[PDB]
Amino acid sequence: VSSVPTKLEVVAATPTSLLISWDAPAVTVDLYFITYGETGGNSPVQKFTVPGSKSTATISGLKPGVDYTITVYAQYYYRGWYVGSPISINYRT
């Protein structure tokens, strides 16, 4: 009955790009939304998707030094299309 993912982990790869990882939730997932944007920043929050097959993504083109709030949550089907609740972490490259 759970939709929120767990064990979301972030690693810097270049000063401007991260490799993030998580492991899937109970439910059968169609999409994972990945979301990143400056923590406590008036800047807009960006989001892309990776399929349920994947449990890792790479975020790119970030400001070096600045910390971002990365967020992942699942899109599933259960008597209707729903987007779950997210897991979050903050990380400065």
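Numbers for residues come from their place in the sequence shown, where the first is 1.
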item	value
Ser2 - which third its CA temperature factor falls in, relative to the rest of the chain	highest
Relative C-alpha B-factor of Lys63, binned into the chain's lowest, middle or highest third	middle
Third of chain Cα B-factors occupied by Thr35	lowest
Chain-relative CA temperature factor third for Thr16	middle
Position of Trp22 among the chain's modelled residues by C-alpha B-factor, lowest, middle or highest third	highest
